[PDB]
2 protein chains.
Amino acid sequence: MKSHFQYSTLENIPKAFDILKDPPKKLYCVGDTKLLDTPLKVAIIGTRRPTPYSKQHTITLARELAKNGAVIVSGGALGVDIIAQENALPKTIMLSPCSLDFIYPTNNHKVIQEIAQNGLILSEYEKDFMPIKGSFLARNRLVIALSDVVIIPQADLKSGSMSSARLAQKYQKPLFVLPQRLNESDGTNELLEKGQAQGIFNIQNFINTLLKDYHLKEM
Amino acid sequence: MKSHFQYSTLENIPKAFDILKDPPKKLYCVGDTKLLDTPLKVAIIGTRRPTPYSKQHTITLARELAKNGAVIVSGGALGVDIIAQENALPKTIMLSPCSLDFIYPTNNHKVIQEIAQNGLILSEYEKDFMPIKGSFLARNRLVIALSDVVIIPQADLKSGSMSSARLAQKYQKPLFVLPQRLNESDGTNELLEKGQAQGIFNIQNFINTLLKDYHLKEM
């Protein structure tokens with residue numbers, strides 16, 4: 001699916017990317033590059049098939065953070081990603097796994113269009129580049145490096161979410177996850193089990209504690 | 001409801017009760033007092049109103065622990081208690097909130113009778129005593145003191161399970177809970193978030209680690 005987006009090259013690579021083993025040498029952009037200057041960026045990533053439970057709290061977290069000064073960063077994927085980003089509009093930044101002349105995934109086209117208009121989409125791929133395993137992985141590192149904090153509402157083991165969670169640890173980004181029952185989100189529960197992530201046991205307090213840590217007003 | 005239990009004096013008060021600020025001065029018993037001389041006693045306590053999820057794993061915990069050399073200790077209450085005890089039979093000990101000439105609660109009479117017959121019931125009251133305010137708290141102190149480890153599968157804030165949880169901490173009895181969703185078991189979740197309990201993220205590993213720790217053959 002062609003995007004028909006009008007895009008250009010990003011003038012300056014965010015310094016947040018310098019922590020990366022292999023920073024992007026060149027980035028392409030469509031939308032509001034001012035979003036890159038915001039004080040609080042929160043990554044929200046997760047499974048392509050969240051439960052109603054996960055979906056419900058993903059919406060609240062995204063909506064409330066975006067409404068109170070944060071910018072939500074994600075990969076625009078089916079499920080948790082696109083849910084967070086739609087509910088954060090227009091304070092949201094997407095890292096694309098393909099070049100900006102294409103929409104992926106197809107079914108998210110409507111929301112992705114709205115991000116291109118009112119939010120920001122970045123890509124490391126100039127044109128004609130359909131997504132492949134390595135480009136999903138590569139853009140995940142950008143999602144993590146760009147963000148101050150990383151939330152994973154729900155995720156299985158051996159998922160992109162878990163490789164991103166490893167990156168979050170490697171790059172010292174605080175990891176947060178939703179409390180989940182046995183067997184429903186083994187990835188996030190493993191992170192809890194090993195003390196590699198903090199549980200979000202109260203949505204409003206978590207949000208307010210984040211706002212304060214970054215000198216924004218609470219709710 | 002009368003029990004028709006031919007209860008005895010429990011002649012030797014278990015040393016485990018000696019840690020209490022107010023040890024029971026006299027105890028009464030019916031059933032197998034040898035259960036008191038076992039290497040591993042696990043308290044399983046919780047809400048009177050468990051979800052199907054909590055119920056399902058309580059059954060598994062109780063059954064597997066009882067089958068592999070542990071004894072399950074509880075209060076015989078509606079919900080988690082009676083579920084755990086029924087599935088632990090005959091390796092189970094009930095601490096009764098009433099004298100042993102009565103059944104309490106009435107609706108648990110069948111399992112409670114099975115416990116009198118094949119497990120063990122203890123009480124701090126001799127006769128003619130139905131429970132009153134505080135007698136539940138009182139027998140809970142006994143459940144905790146007797147047990148090596150305490151499992152709370154599900155519980156609300158301000159419940160009896162939480163006051164028992166405070167006792168477990170006071171006496172350094174390790175405390176474990178089931179992973180629970182936001183807004184379902186605020187009691188156990190608060191324990192988890194405050195680092196006061198450990199989560200059971202893998203039922204089989206939890207059990208095998210517990211066993212090993214008490215020099216029992218792993219499953």
# chains A, B, ... in the order shown; residues from 1 in each chain; ligands from 1
>>> interface_residues(of="chain B", to="chain A", cutoff="8 Å", atoms="only C-alpha atoms", output="ChimeraX atom specification")
/B:178-182,189-190,193,199,201-202
>>> write_last_selection(atoms="C-alpha atoms", output="PDB file, in the first residue's frame")
ATOM      1  CA  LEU B 178      -0.708 -15.504  42.407  1.00  0.00           C
ATOM      2  CA  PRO B 179      -0.155 -13.000  39.602  1.00  0.00           C
ATOM      3  CA  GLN B 180      -3.399 -10.996  39.472  1.00  0.00           C
ATOM      4  CA  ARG B 181      -4.826  -8.374  37.095  1.00  0.00           C
ATOM      5  CA  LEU B 182      -5.164  -4.769  38.158  1.00  0.00           C
ATOM      6  CA  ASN B 189      -1.108  -6.950  44.496  1.00  0.00           C
ATOM      7  CA  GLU B 190      -0.251  -4.412  47.168  1.00  0.00           C
ATOM      8  CA  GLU B 193       4.123  -4.034  44.680  1.00  0.00           C
ATOM      9  CA  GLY B 199       4.853 -13.859  42.826  1.00  0.00           C
ATOM     10  CA  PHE B 201       5.074 -16.991  38.000  1.00  0.00           C
ATOM     11  CA  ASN B 202       5.580 -20.700  37.444  1.00  0.00           C
TER      12      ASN B 202
END
>>> residues_around(residues="segment 205-219 of chain A", least_positions_apart="6", cutoff="7 Å", atoms="only C-alpha atoms", output="list in words")
residues 40, 65 and 69 of chain A
>>> write_last_selection(atoms="C-alpha atoms", output="JSON list (two decimals), in the first residue's frame")
[["chain", "number", "residue", "atom", "x", "y", "z"],
["A", 40, "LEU", "CA", 8.91, 13.24, 28.23],
["A", 65, "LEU", "CA", 0.14, 10.69, 29.34],
["A", 69, "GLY", "CA", 2.74, 16.54, 28.40]]
>>> closest_residue(among="A:195, A:121, A:168, A:22", to="residue 138 of chain A", atoms="only C-alpha atoms")
A:22
>>> atom_distance(atom1="atom CA of residue 86 of chain B", atom2="atom CA of residue 136 of chain B")
19.8 Å
>>> closest_residue(among="B:43, B:96, B:154, B:72", to="residue 175 of chain B", atoms="only C-alpha atoms")
B:43
>>> residues_around(residues="residue 87 of chain A", least_positions_apart="2", cutoff="10 Å", atoms="only C-alpha atoms", output="count of residues only")
20
>>> select_by_dssp(residues="segment 10-60 of chain A", states="alpha helix (DSSP H)", output="ChimeraX atom specification")
/A:52-60
>>> write_last_selection(atoms="N, CA and C atoms", output="mmCIF file, in the first residue's frame")
data_model
loop_
_atom_site.group_PDB
_atom_site.id
_atom_site.type_symbol
_atom_site.label_atom_id
_atom_site.label_comp_id
_atom_site.auth_asym_id
_atom_site.auth_seq_id
_atom_site.Cartn_x
_atom_site.Cartn_y
_atom_site.Cartn_z
ATOM 1 N N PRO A 52 -8.782 -7.731 25.906
ATOM 2 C CA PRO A 52 -9.596 -6.558 26.245
ATOM 3 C C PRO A 52 -9.017 -5.845 27.459
ATOM 4 N N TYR A 53 -8.573 -6.632 28.437
ATOM 5 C CA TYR A 53 -7.958 -6.101 29.645
ATOM 6 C C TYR A 53 -6.735 -5.245 29.316
ATOM 7 N N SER A 54 -5.802 -5.798 28.550
ATOM 8 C CA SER A 54 -4.609 -5.044 28.164
ATOM 9 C C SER A 54 -4.973 -3.813 27.334
ATOM 10 N N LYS A 55 -5.940 -3.982 26.438
ATOM 11 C CA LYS A 55 -6.319 -2.908 25.528
ATOM 12 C C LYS A 55 -6.840 -1.726 26.333
ATOM 13 N N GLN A 56 -7.685 -2.041 27.301
ATOM 14 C CA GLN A 56 -8.361 -1.051 28.123
ATOM 15 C C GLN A 56 -7.390 -0.149 28.897
ATOM 16 N N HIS A 57 -6.337 -0.728 29.459
ATOM 17 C CA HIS A 57 -5.391 0.069 30.233
ATOM 18 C C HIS A 57 -4.355 0.731 29.345
ATOM 19 N N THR A 58 -4.079 0.119 28.201
ATOM 20 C CA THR A 58 -3.205 0.749 27.212
ATOM 21 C C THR A 58 -3.806 2.082 26.787
ATOM 22 N N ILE A 59 -5.115 2.086 26.567
ATOM 23 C CA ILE A 59 -5.816 3.295 26.166
ATOM 24 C C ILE A 59 -5.687 4.381 27.224
ATOM 25 N N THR A 60 -5.930 4.029 28.480
ATOM 26 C CA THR A 60 -5.866 5.010 29.555
ATOM 27 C C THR A 60 -4.471 5.595 29.704
#
>>> residues_around(residues="residue 129 of chain A", least_positions_apart="2", cutoff="6 Å", atoms="only C-alpha atoms", output="compact mmCIF listing (two decimals) with N, CA, C and O atoms, in the first residue's frame")
# COMPACT_ATOMS: atom_id res chain seq x y z
N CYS A 98 9.28 0.33 7.43
CA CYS A 98 9.46 0.44 5.99
C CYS A 98 9.70 1.91 5.60
O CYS A 98 9.64 2.80 6.45
N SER A 99 10.00 2.16 4.34
CA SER A 99 10.13 3.55 3.91
C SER A 99 8.77 4.26 3.92
O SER A 99 7.71 3.61 3.87
N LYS A 127 13.21 4.80 0.42
CA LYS A 127 12.11 4.55 -0.50
C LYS A 127 12.12 3.12 -1.00
O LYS A 127 13.16 2.46 -0.96
